[PDB]
Amino acid sequence: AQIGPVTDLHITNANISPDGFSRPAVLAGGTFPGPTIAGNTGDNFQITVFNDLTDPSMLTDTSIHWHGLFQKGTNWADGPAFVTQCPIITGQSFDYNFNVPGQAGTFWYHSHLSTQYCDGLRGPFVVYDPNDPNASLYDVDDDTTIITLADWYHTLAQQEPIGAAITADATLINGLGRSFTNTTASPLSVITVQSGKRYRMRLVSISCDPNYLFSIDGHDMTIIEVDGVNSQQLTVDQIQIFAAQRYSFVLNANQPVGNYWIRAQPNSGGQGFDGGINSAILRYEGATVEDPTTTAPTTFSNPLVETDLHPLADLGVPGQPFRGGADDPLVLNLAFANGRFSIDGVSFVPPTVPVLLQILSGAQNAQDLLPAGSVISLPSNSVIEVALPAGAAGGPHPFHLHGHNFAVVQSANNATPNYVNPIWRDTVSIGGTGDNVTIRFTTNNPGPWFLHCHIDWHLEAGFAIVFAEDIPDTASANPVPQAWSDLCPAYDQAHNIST
Ligand SMILES: *[C@@H]1O[C@H](CO)[C@@H](O[C@@H]2O[C@H](CO)[C@@H](O[C@@H]3O[C@H](CO)[C@@H](O)[C@H](O)[C@@H]3O)[C@H](O)[C@H]2NC(C)=O)[C@H](O)[C@H]1NC(C)=O
Ligand SMILES: *[C@@H]1O[C@H](CO)[C@@H](O[C@@H]2O[C@H](CO)[C@@H](O[C@@H]3O[C@H](CO)[C@@H](O)[C@H](O)[C@@H]3O)[C@H](O)[C@H]2NC(C)=O)[C@H](O)[C@H]1NC(C)=O
Ligand SMILES: [Cu+2]
Ligand SMILES: [Cu+2]
Ligand SMILES: [Cu+2]
Ligand SMILES: [Cu+2]
Ligand code: NA
């Protein structure tokens with residue numbers, strides 16, 4: 001069952017074996033992935049998070065981010081540790097009380113403390129639209145049509161060297177899959193469809209690192225949503241999905257009744273499908289209960305290319321139709337050396353006092369804010385352009401901005417910008433050497449918004465900056481509840497920190 005929009009959510013430690021290998025984890029709602037949190041557009045969500053963690057090897061503090069939800073007027077509820085709050089300590093709880101005006105689509109939630117989400121705290125978050133403009137394109141859209149793609153590690157996250165190329169031990173599809181080494185024939189996930197029906201499949205990358213080449217043997221996929229943004233229909237036979245991205249696609253159950261492989265090939269870790277790694281099963285009602293016998297093609301003739309995507313609504317692009325054609329045009333210098341990433345020469349290390357709390361206490365320019373050199377102020381009611389030229393090791397890097405979606409004016413592997421009708425999204429691959437992936441948005445949401453690579457190992461190694469958007473209006477726009485004001489005193493007391 002789905003939970004929400006008003007619900008408790010307990011965060012616990014437990015042993016799990018999603019690929020046949022037992023390890024302890026950090027779980028929401030007792031499962032991997034966590035339960036789907038759901039509501040309708042414009043609803044009030046009140047997710048009271050109970051921190052019941054006791055195993056220090058995965059951290060006993062926590063904080064949860066609602067990925068892709070704008071949090072307008074509720075910056076304090078966004079979740080990134082030391083940007084918008086101090087962590088929740090064990091034995092305490094915290095009500096994330098916010099609203100979702102003007103958004104409807106496929107989202108997710110995850111820990112936003114250190115690399116803790118890798119240890120299991122990840123789940124889907126769906127905001128349905130009772131008047132969805134795409135409603136007539138499918139018959140079925142429910143918890144059974146969500147497809148999560150996850151990397152899974154046998155080593156605990158706090159034992160992963162910082163700045164290292166860290167590699168997974170299994171791909172999990174809807175929580176199940178097989179290990180790349182010492183492979184055992186542990187259970188695979190089954191997605192069941194009825195011949196003749198059309199399904200809104202909500203594809204969610206909950207990855208900590210790899211991107212996946214996703215396909216379904218015998219089937220194609222008609223994309224209708226990208227990171228919460230409705231798209232024109234685009235039919236493809238393969239989707240390369242980067243960490244934290246989402247797509248809705250229509251699956252037409254129009255092939256013969258039978259069993260078909262679902263494939264998710266990561267860019268690192270096990271290559272291919274031997275022993276049923278990187279796999280799940282699409283089963284038609286009435287098919288024999290047996291593994292598929294289907295083949296992938298040698299090459300995919302209609303793969304997703306990001307520049308083929310266009311919004312369903314006339315969203316356009318803010319600013320003027322040339323590079324630098326914005327009120328505040330930025331170019332970030334994105335680098336890696338010696339185990340640490342940097343942005344504009346500064347490696348991100350979380351501050352002792354969360355950025356939002358520094359601003360509420362009166363610090364009002366970005367040079368007064370800590371960490372020094374890690375906070376860039378943005379002016380209010382302005383068009384922002386951010387060029388993100390690739391080349392830093394460990395690519396391709398999927399960059400994500402909190403508090404906003406953005407027009408993708410230039411995409412990976414294509415030097416031509418699009419100032420007319422590019423897709424809008426919230427997480428974007430910045431591509432490869434020589435690319436100049438560029439995003440635009442307008443500043444109508446006061447508060448500190450994190451910008452970072454969504455490969456969680458890279459964020460931990462410093463690949464982040466904070467956009468302090470409209471510092472002067474942050475306090476008036478974001479009144480804070482007493483329980484939020486209580487978090488840093490409680491956290492610092494528990495950890496013997498002076499502030
Ligand atoms: C990606 O696109 C951005 C623009 O969105 C390019 O930024 C431009 O970068 C050049 C240098 O590479 C800048 O010109 C330089 O400016 C300094 C003065 O600030 C001057 O001393 C240098 O001699 C040179 O003129 C320019 O200001 C900047 N913005 C623009 C043109 O709008 C960036 O180069 C692109 N990166 C890649 C890898 O393609
Ligand atoms: C590389 O990225 C560029 C920019 O996003 C892509 O260029 C765009 O290509 C589309 C599709 O061909 C062009 O739209 C076409 O326009 C004609 C004339 O209106 C229309 O009849 C077609 O039905 C279609 O709408 C679009 O104008 C063009 N934009 C720009 C700025 O060049 C390009 O396709 C990408 N390259 C690859 C290999 O995908
Ligand atoms: Cu996220
Ligand atoms: Cu986010
Ligand atoms: Cu990265
Ligand atoms: Cu984030
Ligand atoms: Na425009």
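Counting starts at 1 for both ligands and their atoms, in listed order. Residues: numbered from 1 along the sequence shown.
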Trainee: With side chains defined as the heavy atoms from C-beta onward, is the minimum distance between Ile11 and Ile64 less than 4.5 Å?
Mentor: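 They are in contact (side-chain heavy atoms under 4.5 Å apart), so the answer is yes.
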Trainee: Less than 4.0 Å between atom 12 (O) of ligand 1 and some protein heavy atom, yes or no?
Mentor: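 When distances to the protein are checked, atom 12 (O) of ligand 1 has no heavy atom within 4.0 Å.
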Trainee: Ring centres under 6.0 Å, that's the criterion: do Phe348 and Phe82 meet it?
Mentor: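 No; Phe82 has its ring centre 6.0 Å or more from that of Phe348.
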Trainee: Check the angle between the aromatic planes of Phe125 and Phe45 and answer parallel, tilted or perpendicular using the 30° and 60° thresholds.
Mentor: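 Correct class here is tilted.
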Trainee: Under 6.0 Å between the ring centres of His454 and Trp108?
Mentor: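 Centroid distance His454-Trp108: below 6.0 Å, so yes.
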Trainee: Over 60° means perpendicular and under 30° means parallel, so classify the ring planes of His404 and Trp449, tilted if in between.
Mentor: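 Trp449 and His404: perpendicular rings.
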Trainee: Are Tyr117 and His65 near enough that their ring centres are under 6.0 Å apart?
Mentor: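 No.
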Trainee: Could you find the nearest protein heavy atom to atom 36 (N) of ligand 1 and give me its residue, atom name and distance?
Mentor: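 Result: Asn436 ND2, 2.9 Å.
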Trainee: Atom 28 (C) of ligand 1: which protein heavy atom is closest, and how many Å away?
Mentor: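 Ranking protein heavy atoms by distance from atom 28 (C) of ligand 1, first comes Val331 CG2, 4.6 Å.
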Trainee: Is atom CG of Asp274 surrounded by more than 12 heavy atoms (other residues, nucleotides or ligands) closer than 6.0 Å?
Mentor: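 No, the 6.0 Å shell around CG holds no more than 12 heavy atoms from other groups.
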Trainee: Please indicate how many protein N/O/S atoms are found closer than 2.8 Å to the Cu ion (ligand 5), with waters neither displayed nor included.
Mentor: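 Of the protein's nitrogen, oxygen and sulfur atoms, 3 lie under 2.8 Å from the Cu ion (ligand 5).
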Trainee: Strictly less than 4.0 Å: does any protein heavy-atom distance to atom 7 (O) of ligand 1 fall in that range?
Mentor: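 Under 4.0 Å from atom 7 (O) of ligand 1, at least one protein heavy atom found.
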Trainee: Distance to 0.1 Å, residue and atom name: give those for the protein heavy atom nearest to atom 5 (O) of ligand 1.
Mentor: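 In this structure, atom 5 (O) of ligand 1 has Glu385 OE1, 3.6 Å as its nearest protein heavy atom.
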Trainee: Return the orientation label for the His402 and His112 ring planes: parallel under 30°, perpendicular over 60°, tilted otherwise.
Mentor: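 Perpendicular, since the angle between the ring planes exceeds 60°.
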Trainee: Does atom 34 (O) of ligand 1 have a protein heavy-atom neighbour under 4.0 Å away?
Mentor: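 Under 4.0 Å from atom 34 (O) of ligand 1, zero protein heavy atoms found.
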Trainee: Could you check whether the rings of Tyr153 and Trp457 sit parallel, tilted or perpendicular, using 30° and 60° as the cut-offs?
Mentor: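 Perpendicular.
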Trainee: Centroid-to-centroid, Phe463 to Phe399, below 6.0 Å?
Mentor: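 Yes - the distance between ring centres of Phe463 and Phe399 falls below the 6.0 Å cut-off.
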Trainee: In terms of ring plane angle, is the pair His452 and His400 parallel, tilted or perpendicular, where the classes change at 30° and 60°?
Mentor: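 Plane angle over 60°, so perpendicular.
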Trainee: What protein heavy atom sits nearest atom 38 (C) of ligand 1, and how far away is it?
Mentor: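 Answer, as residue, atom name and distance: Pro389 CB, 3.9 Å.
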Trainee: Write out the residue and atom name of the closest protein heavy atom to atom 32 (O) of ligand 1, then the distance separating them to 0.1 Å.
Mentor: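 For atom 32 (O) of ligand 1, the nearest protein heavy atom is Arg323 O, 3.6 Å.
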Trainee: State whether any protein heavy atom lies less than 4.0 Å from atom 20 (C) of ligand 1.
Mentor: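 It does not: no protein heavy atom is found less than 4.0 Å away from atom 20 (C) of ligand 1.
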Trainee: Answer yes or no: is there a side-chain heavy-atom contact under 4.5 Å between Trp76 and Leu487?
Mentor: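 No, side chains not in contact.
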Trainee: Does some side-chain heavy atom of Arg202 sit less than 4.5 Å from a side-chain heavy atom of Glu225?
Mentor: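 In contact.
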Trainee: Which count of protein N, O or S atoms is obtained for distances strictly below 3.0 Å from the Na ion (ligand 7)?
Mentor: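 Those protein atoms number 1 in total.
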